[PDB]
There are 2 protein chains.
Amino acid sequence: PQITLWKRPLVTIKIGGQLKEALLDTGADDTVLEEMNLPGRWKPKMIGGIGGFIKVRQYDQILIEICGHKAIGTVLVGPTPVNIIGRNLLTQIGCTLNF
Amino acid sequence: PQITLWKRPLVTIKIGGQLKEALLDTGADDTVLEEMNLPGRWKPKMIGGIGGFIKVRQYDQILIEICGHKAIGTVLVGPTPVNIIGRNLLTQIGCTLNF
Ligand SMILES: CC[C@H](C)CN(C[C@@H](O)[C@H](Cc1ccccc1)NC(=O)O[C@H]1CO[C@H]2OCC[C@H]21)S(=O)(=O)c1ccc(CO)cc1
């Protein structure tokens, strides 16, 4: 589909057997999701933006479905105020910017 | 143009007569640029990101050209980690997400 930007580009995602709302975010290198108790191993990471850094848990090869489009890649989990779909997964669903 | 997302969507902007590089950021409501001198009046504002809140100077009705497309809108100036073009201007240049 085509998503205009009058409002936040929020879409439904499915990860770890849960449905959530997330931003399609061309400004994020990687995907960051609200705190959730995912199984498996993880590595600590710190990511920075406006206001400073937050601590997140990096999970690899996580399956995510975005608007019925399947993807698999790195997912960072931590105290983010919003679920953020980053370019690492946006490329996998064929998402582009157009103007 | 059509911009794929395997690299950061960085473009050249013109603001205040000066060329800069900025990130097309669909996850940003607002446009936030690194510290710089801009003509005209401004007002102190706050904006929150993934890591907390920062103080910014809000410039309204500023002329800014983004990848050859003209916009006139609000530009916030402050200690953002990178220049980001937010939805307030992405809408003006007719930018959409497509997959
Ligand atoms: C360094 C370039 C951007 C600032 C990066 N951000 C993505 C950005 O889209 C965030 C994503 C975002 C969106 C809402 C709340 C917190 C973060 N939006 C944002 O900060 O926008 C601000 C400016 O407009 C306002 O609208 C939203 C907040 C204001 S981010 O959230 O901080 C970020 C995301 C992912 C990683 C790991 O790669 C690192 C940083």
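The residue numbers you see begin from 1 on each chain and track the sequence as written, which may not match the entry, and residues missing coordinates are not shown. The lettering of chains begins at A and the numbering of ligands begins at 1, in the order of writing. Side-chain figures throughout are based on the complete set of non-hydrogen atoms in the structure, without hydrogens or water. Residues with missing side-chain atoms are left out of burial classes, side-chain pairs and their counts.

- X-ray crystallography is the method the PDB entry lists for this structure, together with a resolution of 1.97 Å.

- For chain A, the name recorded in the PDB entry is Protease NL4-3, with Human immunodeficiency virus 1 as its organism.

### Let's talk about the site of the ligand
Argument step 1. Around the ligand, the structure places 26 residues, and the nearest of them are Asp25(A), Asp25(B), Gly27(B), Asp29(B) and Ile50(B).
Argument step 2. We call a residue near a molecule or strand as soon as one heavy atom of that residue lies within 4 Å of the molecule or strand. Neighbouring residues of the ligand are not confined to a single chain but are spread across chains A and B.
Argument step 3. Contact between the ligand and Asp25(A): an oxygen atom at 2.5 Å from a side-chain N or O atom of the residue.
Argument step 4. Residues adjacent in sequence count toward polar contacts only when both atoms are side-chain atoms; beyond that, a polar contact is any pair of N or O atoms within 3.5 Å, and within protein one must be able to donate a hydrogen and the other to accept it. In the environment of the ligand, a nitrogen atom lies 3.0 Å from a nitrogen or oxygen atom belonging to the backbone of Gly27(B).

### Considerations on the sheet that holds strand β1 (residues 2–3) of chain B
Argument step 1. What the four strands build is an open sheet, ordered β1(A)-β9(B)-β9(A)-β1(B); its pairing is antiparallel. Each edge of the open sheet carries a strand with a single partner, namely β1 (2–3) of chain A together with β1 of chain B. If DSSP finds at least two bridges between two strands, the strands pair. Numbering of helices and strands runs from the N terminus, with a helix taken as a DSSP run of H or I at least four residues long and a strand as a DSSP run of E at least two residues long.

### Observations concerning the packing of aromatic side chains
Argument step 1. When two rings of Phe, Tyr or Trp (its six-membered ring) have centres within 6.5 Å they constitute a pair, described as stacked for plane angles under 30 degrees, edge-to-face for angles over 60, and tilted for the intermediate range. If you walk through the whole model with that rule in mind, you get zero aromatic pairs over all chains.
Argument step 2. For a ring to carry a charge above it, either NZ of a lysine or CZ of an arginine must fall within 6 Å of the ring centroid while also lying within 35 degrees of the normal to the ring plane. Between the NZ or CZ atom of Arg57(A) and the centre of the ring of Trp42(A), over which it lies, the distance is 5.9 Å.

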